[PDB]
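In UniProt numbering, the protein residues as written are 2 to 25, 32 to 102.
Shown next, in structure tokens, is the structure this report addresses.
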Amino acid sequence: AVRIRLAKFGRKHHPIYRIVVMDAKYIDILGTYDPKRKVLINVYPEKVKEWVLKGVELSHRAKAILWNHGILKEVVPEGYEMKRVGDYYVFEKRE
Numbered sequence: 002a003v004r005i006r007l008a009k010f011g012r013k014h015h016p017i018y019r020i021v022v023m024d025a032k033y034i035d036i037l038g039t040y041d042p043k044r045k046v047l048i049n050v051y052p053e054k055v056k057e058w059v060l061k062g063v064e065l066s067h068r069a070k071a072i073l074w075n076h077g078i079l080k081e082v083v084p085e086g087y088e089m090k091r092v093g094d095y096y097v098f099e100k101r102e
């Protein structure tokens, strides 16, 4: 399926992860994350609103980054709920 997940980028002792949209290059890049310093180097919030509200599945850690860094809070409207589905997370309309 099309999912939001992490892809390796960078070097030994300094790993870097792109948050990407891919089907299992990439469909879209949602941002760039540094796990050691715990910062988002780049983020593209218009891209994350689009894909997340499309019901695309997020990996646990892609969800964690975007939630903790308040990216989800700025872009996901009330009336959309996050659901935990197996290994993934999805946002969908309440009703």
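For each residue, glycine too, the CB sits at the ideal point set by N, CA and C.
So, helix, strand or coil for residue i, using DSSP?
i      : result
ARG68  : helix
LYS90  : strand
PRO16  : strand
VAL63  : coil
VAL83  : coil
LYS9   : strand
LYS100 : strand
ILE34  : coil
Quick one: what's got a C-beta closer than 6 Å to residue i's C-beta in the same chain, skipping five residues either side?
i      : result
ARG101 : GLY86 and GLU88
I'd like to know whether the C-beta atoms of residue i and residue j end up nearer to each other than 9 Å.
i     : j     : result
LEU65 : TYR95 : yes
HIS76 : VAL50 : yes
Within a Cβ cutoff of 8 Å, which residues of the same chain sit near residue i, ignoring the five residues on either side of it in sequence?
i     : result
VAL92 : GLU64
Give the DSSP bridge partners of residue i, in chain order.
i     : result
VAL22 : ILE5 and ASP35
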